[PDB]
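To begin, one chain is listed below as structure tokens, in the form deposited in one PDB entry.
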């Protein structure tokens, strides 16, 4: 019920943009924005990566904001897979994406347009992917992709609910991706190109972010841990997968793992974002979920239209 007035402020902000009262800038190569409406688990990350993969015959650069990083200012995190900074400096997300996408460039920058210019100067990418870019209207995108999970529809605005913008804002989108289909499937019809996203369990990632068979977990029990607070969602996934934990450690959300002291011979499971902090530790893994999108080729055709 402060959500009523938050709605009024956001609306105003959107009207300023609609009526040309707030400046909008444009990069000289196509921009694809991936975003959502809600705070909380989104699949944005999974989908940004999937989308980068689809562009495998294009020089791709991801524009990410970083969130909490040990540095300040526009920063090239990775040059087509060549990592230039540590995860501390990069921020968890952009680093994780740099690690998993060896063909792609990643830039961390609060000033997104500026990040874009720096990339062009130094990397000459053919396409930008604007990570979490739906509300960032000051940067023009040629393809505005909006992610929606079933929960979003039954949700409210902040501070009551998790919505950053009202549901009506869905109409700004060029295309919709309906997430978490594997667990909470739903349909949605707007006339907009619309795609169903599934995530399914492939295998493990070792600390080198190479793929390792889920098989090694058999008749083994693991020690599981994580930080960034998200400490039962993980427990939930592990349970659903029939994975036998034998203790669950929960570290503070900043935890840098410098004094992490493993038990010899024991198998550890943690999250992809914790794992980036434990490069080199063997017998430490994260779960690897792949994205399958329905009508991938349609999606591909839609994306490739930005190149004309």
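Numbering follows the first chain given and starts at 1.
Once the C-alpha B-factors are averaged per stretch, 177-185 and 117-125 rank with 177-185 first. Mean CA temperature factor is higher for 255-263 when stretches 255-263 and 45-53 are set side by side in the entry. Comparing the listed residues 9, 24, 284, 287, the entry records the largest Cα B-factor for 9.
Highest C-alpha temperature factor among 194, 207, 71, 144, as the PDB entry reports it: 71.
When the CA B factors of the chain's modelled residues are split into thirds, the value for residue 273 lands in the middle one. Compared with the other modelled residues of the chain, the Cα B-factor recorded for residue 133 ranks in the lowest third. The deposited CA B-factor of residue 86 belongs to the middle third of values across its chain.
Among the modelled residues of its chain, residue 99 has a C-alpha B-factor that falls in the lowest third, as given in the PDB entry. For residue 215, the recorded CA temperature factor ranks within the highest third of the chain's modelled residues.
Quick note: we don't show the form deposited in another entry, though the next part is all about it.
Hinge residue for the rigid-part rotation between the shown form and the other one, picked from 251, 38, 198, 268: 198. Distance between the C-alpha atoms of residue 165 and residue 42: longer by at least 3 Å in the other entry than in the displayed form. With a change of no less than 3 Å, the CA-CA distance between residue 40 and residue 64 is smaller in the other entry than in the form shown.
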